[PDB]
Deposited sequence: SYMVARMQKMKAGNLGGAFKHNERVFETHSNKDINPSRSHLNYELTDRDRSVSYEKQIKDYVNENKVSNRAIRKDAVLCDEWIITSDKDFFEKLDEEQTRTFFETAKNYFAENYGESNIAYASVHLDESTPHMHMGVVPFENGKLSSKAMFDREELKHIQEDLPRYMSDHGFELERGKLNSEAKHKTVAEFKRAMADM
């Protein structure tokens, strides 16, 4: 099974949507009977939004006096998953451990303090986690500084190997992969 790890840039715009969905505040493949089974791995406050959480965090810690730019990348949302088969082999304890382990890799490489949320969805087709990493470093907020072409290449080699080192049996994706990413809607048509 391949390690699936992919990030999306999140602004003020789409963080409201991310928050209202990630909390189950519908889609055909959501089983509402199972939504009570989702869980959150950070110890964030359920009732505070992501925008409000991150904006306060950055402002309260940033070296510069200047305002966060309207078009700033407030966080990079990483989807952490694999395929059906992969999870089929694991029980509840181990599935939880898998996501905590991935969360760790991101804590250790980019700061435990920058994991805004870590939201595990067991009510869709395949267990996955929506994990918000705030690109904040040296008192500066910059996705550009933190996740560049090389960092993404690096993660594709390094994350899967770090997972396997903790007893999880997944291989890295195809190097120089030709694939274009499809949005979830696009990918459903494809099957």
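K.L.:
What gaps appear when the modelled C-alpha atoms are mapped onto the deposited sequence?
P.N.:
Those parts of the chain that were deposited but carry no coordinates are 26-29, 196-198.
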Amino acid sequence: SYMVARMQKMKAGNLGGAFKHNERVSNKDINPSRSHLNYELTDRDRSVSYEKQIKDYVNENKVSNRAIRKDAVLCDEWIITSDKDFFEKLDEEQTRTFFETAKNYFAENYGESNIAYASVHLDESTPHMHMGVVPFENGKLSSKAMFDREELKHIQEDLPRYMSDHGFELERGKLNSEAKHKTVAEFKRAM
From here on, numbers count along this sequence of modelled residues.
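For the two forms, the rigid core is made up of the largest set of C-alpha atoms that agree within 1.5 Å on superposition.
K.L.:
Overlaying the structures in 5 other deposited structures of this protein on the rigid core, point out which of 3-11 and 180-188 has the bigger RMS C-alpha shift.
P.N.:
If we average over structures and residues in 5 other deposited structures of this protein, the farther stretch is 180-188.
K.L.:
Thinking of the other compared PDB entries, is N27 one of those residues unmodelled in at least a third of them?
P.N.:
Comparison shows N27 dropped in at least a third of the other entries.
K.L.:
Which is higher in the entry, the mean Cα B factor of 58-66 or that of 133-141?
P.N.:
Comparing 133-141 with 58-66, the higher average CA B-factor belongs to 58-66.
K.L.:
So, looking at the entry's B-factor column for Cα atoms, which has the higher mean, 161-169 or 142-150?
P.N.:
Mean CA B-factor is higher for 161-169.
K.L.:
If you rank every modelled residue in this chain by C-alpha B factor, which third holds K89: lowest, middle or highest?
P.N.:
It belongs to the highest third of the chain when residues are ordered by C-alpha B-factor.
K.L.:
Going by the recorded CA B-factors, say which third of the chain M10 sits in, lowest, middle or highest.
P.N.:
Lowest third - that is where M10 ends up once the chain's C-alpha B-factors are sorted.
K.L.:
Pull the Cα B-factor of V4 out of the PDB entry and bin it into the chain's lowest, middle or highest third.
P.N.:
Its C-alpha B-factor, which the entry lists for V4, ranks in the lowest third among residues of this chain.
K.L.:
Of the three thirds of its chain by CA temperature factor, lowest, middle or highest, which one includes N38?
P.N.:
Its C-alpha B-factor belongs to the lowest third of this chain's values.
K.L.:
Which third, lowest, middle or highest, does the CA B-factor of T126 fall in along this chain?
P.N.:
It belongs to the lowest third of the chain when residues are ordered by C-alpha B-factor.
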